[PDB]
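A quick write-up on the structure given underneath.
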Amino acid sequence: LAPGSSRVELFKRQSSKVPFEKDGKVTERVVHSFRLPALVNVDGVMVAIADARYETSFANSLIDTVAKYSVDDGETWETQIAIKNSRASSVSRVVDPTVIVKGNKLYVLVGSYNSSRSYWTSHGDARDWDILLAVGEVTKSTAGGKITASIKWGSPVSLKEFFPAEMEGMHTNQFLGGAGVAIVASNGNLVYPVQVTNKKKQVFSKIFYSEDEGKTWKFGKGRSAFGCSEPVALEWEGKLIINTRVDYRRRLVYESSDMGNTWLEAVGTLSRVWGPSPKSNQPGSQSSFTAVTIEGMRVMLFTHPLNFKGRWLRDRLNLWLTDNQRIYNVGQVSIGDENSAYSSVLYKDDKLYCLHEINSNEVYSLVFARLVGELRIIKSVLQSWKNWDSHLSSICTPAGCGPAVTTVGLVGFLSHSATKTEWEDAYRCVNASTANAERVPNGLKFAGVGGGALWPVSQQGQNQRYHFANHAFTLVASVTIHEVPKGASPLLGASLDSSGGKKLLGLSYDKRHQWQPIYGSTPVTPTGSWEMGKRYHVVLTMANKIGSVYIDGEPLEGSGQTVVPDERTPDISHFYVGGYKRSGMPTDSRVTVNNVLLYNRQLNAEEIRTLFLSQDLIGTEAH
Ligand SMILES: CC(=O)N[C@H]1[C@H]([C@H](O)[C@H](O)CO)O[C@@](Oc2ccc3c(C)cc(=O)oc3c2)(C(=O)O)C[C@@H]1O
């Protein structure tokens, strides 16, 4: 939890009471565990919805949906049960409440089970299941000089009539909301990303939406891959972005521009960025994923635990900030090594809050955190992004002013700032590690065996912000070679392995003063010529499985070659710059590199021309 931030235990395990209703009688009843946080703003009234697991934290046990609400930004709260279960058996339950705010209404979607003690995805049929929508109406009043609110919860209505018996190549079984907070789309539609099972017990995600304020519901025709559960969605630039849980695998993210009729994996931006554990081989989690506007910039906030402990412990809740280009780790929201899986982030009246789980010995509370420190960090980072984009965009490039330097898709930039061991990203997301480097204007001068910089891709580890490069990228740099090498030496490239010896696309230079562009594992043909001490502009592009190399804005002869053989997606380890940065590779590149730009797409001709012409105007040195 950041400096300046604080929290309280809001839903207190084995302590907080809720009004338990049974057979016409209501009693204040202590709850064992509270899980499944959803924290929202209903026109000024903060509402926290969760599971109240009365007797045990076990999923298949007695559970009602509880709500706490506050008209004073969380200093005090009132408590009620928003939805009660059927009371059919000792384990009846309403589960995984998923919330949408619209007007003064809360729409809460829950699965309902009567008596099964088995996890829902293990059921062979729907005998124990129903899917219910309950609507809470929030009313505001000003009694006794001060503001008051109340919420009237309607009786739940079953939406089972909207679930078809068949979907493309399958027979349907059950479905649930994705948990947490869902959305109202820019067209007014209520939009629940849902997790669905078929009769083969496979799980997949769909879009379940209503065009009439929840009276009737439809499914989008498309779906995620099998294995994608607890989907969470937001709307971004006219499309739904659906971020999914995949147990034992990296999270998949899809985009849909047609209410779920067609799903496209977001390979160029967010898909496969987030891993559920250090080795991405453990259960995943529910995630808060929202689009907000902070100081005028639309961005997305995303949370997920790091899960160093493994299994479902899910320690180390982390918050991430992205503008769909750069991906910044705000940091850890939970405290120390506590188990802290599910979460919900709310941005309200320029203050940031998080309602999230803490779990000790399988007893769960929900803490309510005031994210003061994190918002300060976010605002600082957003200012940097805005300032560097403005700087670049405002440059008058050589003709009159020619076309502007492009910042669309610009993800990282290594320039003047560097410490003894790192080359700093101007965008503050991913630095490069360095060896044998001396600082020069807008870059670094390298020498010696082991020299160079490494800008990690898969080497980022659990969370791989540059995963997009496996699909498309442009890497740009200005370079100068200081010594003629003994053989062939590296200058810039994308490596598939940790050593640099297995390349996707790279540029080397040799003892005969020629360039050696390297296309995958293809035989290298030296070409062109360079002069010692002369500055050159280098561009490497890859898209559509094809790599190209440009020197001074022009392609090398014979460039535009296949660098991804076969159907497998590359798994780039890192970009190397100015050497391999590997003391085990015997090369010694004596070179200076300045202003390394990384884009998440293949730049066009004009954009490459502009960068070449403007190469002496883009550095961060004077700023
Ligand atoms: C309807 C329902 O079962 N929802 C639960 C959800 C769900 O089981 C998973 O997404 C798998 O379908 O997992 C959760 O519950 C689980 C599921 C399984 C386990 C297991 C197997 C061990 C454990 O320690 O905690 C668990 C917690 C989860 O925290 O991931 C939350 C929800 O309670």
Side-chain angles (χ1 to χ4, degrees), residues 169 202 204 222-228 244 246 248-255 262-275 279-281 409 411 454-475 488 490-508 515-527 538-550 555-577 580 582 585 598-604:
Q202 297 176 294
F204 53 99
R223 65 163 169 87
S224 73
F226 294 119
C228 301
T244 68
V246 190
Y248 313 104
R249 303 287 188 272
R250 305 186 65 73
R251 292 177 72 88
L252 297 168
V253 183
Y254 298 89
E255 288 178 340
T262 173
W263 289 48
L264 294 191
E265 186 186 351
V267 299
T269 48
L270 301 179
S271 194
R272 303 188 200 226
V273 169
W274 292 294
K279 297 315 307 264
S280 293
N281 61 349
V411 167
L454 182 151
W455 207 5
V457 182
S458 76
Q459 296 288 149
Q460 290 182 37
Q462 178 166 357
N463 301 120
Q464 283 172 27
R465 306 162 183 70
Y466 292 174
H467 194 273
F468 67 76
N470 295 305
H471 301 274
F473 73 85
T474 299
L475 187 68
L491 232 195
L492 189 69
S495 181
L496 296 168
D497 80 319
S498 56
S499 75
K502 188 184 185 225
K503 297 166 178 72
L504 174 65
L505 174 64
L507 177 61
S508 289
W515 295 116
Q516 281 198 19
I518 296 155
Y519 303 100
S521 280
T522 290
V524 176
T525 296
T527 183
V538 177
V539 176
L540 306 177
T541 61
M542 196 285 284
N544 310 305
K545 305 189 186 180
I546 302 167
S548 297
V549 180
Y550 297 74
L556 288 182
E557 179 165 344
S559 201
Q561 298 297 135
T562 288
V563 294
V564 182
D566 84 54
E567 294 181 14
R568 285 141 46 238
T569 298
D571 190 12
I572 294 164
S573 169
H574 58 280
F575 299 105
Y576 56 94
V577 179
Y580 287 126
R582 295 298 198 212
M585 306 296 282
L598 178 60
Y599 290 82
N600 66 4
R601 58 183 176 95
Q602 172 181 86
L603 295 189
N604 73 36

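Scope of the values below: all heavy atoms of this structure, side chains included, with no hydrogens, waters or symmetry mates. In this chain, numbering begins with 1 at the start of the sequence shown.
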Residue of the set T244, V273, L270 for which side-chain contact (heavy atoms from CB on, under 4.5 Å) holds with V253: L270
Donor-acceptor pair, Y254 side chain versus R223 backbone, under 3.5 Å? no
Applying side chain to side chain donor-acceptor pair (under 3.5 Å), can you list everything that pairs with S559, at least two apart in sequence or on another chain? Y519
Under the rule for ring pair (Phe, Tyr, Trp, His ring centres under 6.0 Å), what residues qualify as partners of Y599, not counting sequence neighbours? none
Could you check whether any side-chain heavy atom of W263 comes within less than 4.5 Å of a side-chain heavy atom of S224, counting everything from C-beta outward? yes
Aromatic ring proximity, centroids under 6.0 angstrom, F473 and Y466: no
From the list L491, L454, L492, side-chain contact (heavy atoms from CB on, under 4.5 Å) partner of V577 resolves to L492
Can you name the closest pair of heavy atoms from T541 and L505 and give their distance? O-CD2, 3.3 Å
Test of understanding: with side chain to side chain contact (heavy atoms under 4.5 Å, CB included), list the residues that count as partners of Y248, not counting sequence neighbours. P283, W312
When the side chains of residues 567-574 are checked against the rest of the protein, which donor-acceptor pairs come out under 3.5 Å, sequence neighbours left out?
from: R568; atom 1: NH1; to: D566; atom 2: OD1; distance (Å): 2.8
from: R568; atom 1: NH1; to: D566; atom 2: OD2; distance (Å): 2.1
from: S573; atom 1: OG; to: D497; atom 2: O; distance (Å): 3.3

Salt bridge (charged side-chain N to carboxylate O under 4.0 Å, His left out) filter on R582, not counting sequence neighbours, yields none
Test side chain to side chain donor-acceptor pair (under 3.5 Å) applied to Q516 - qualifying residues, sequence neighbours left out: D510
Between the CG atom in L540 and the OG1 atom in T474, the distance rounded to the nearest 0.5 Å is 9.0 Å
Output all residues satisfying side chain to side chain donor-acceptor pair (under 3.5 Å) with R465, sequence neighbours left out; order by chain, then residue number. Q460
Please identify each residue that fulfils side chain to side chain contact (heavy atoms under 4.5 Å, CB included) with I518, with sequence neighbours left out. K503, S508, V524
Could I get the full list of ring pair (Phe, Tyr, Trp, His ring centres under 6.0 Å) partners for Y550, not counting sequence neighbours? none
Partners of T262 by side chain to side chain contact (heavy atoms under 4.5 Å, CB included), sequence neighbours excluded? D258, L264
Looking at residues at least two apart in the chain, or sitting in another chain, which of them share a salt bridge (charged side-chain N to carboxylate O under 4.0 Å, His left out) with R272? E265
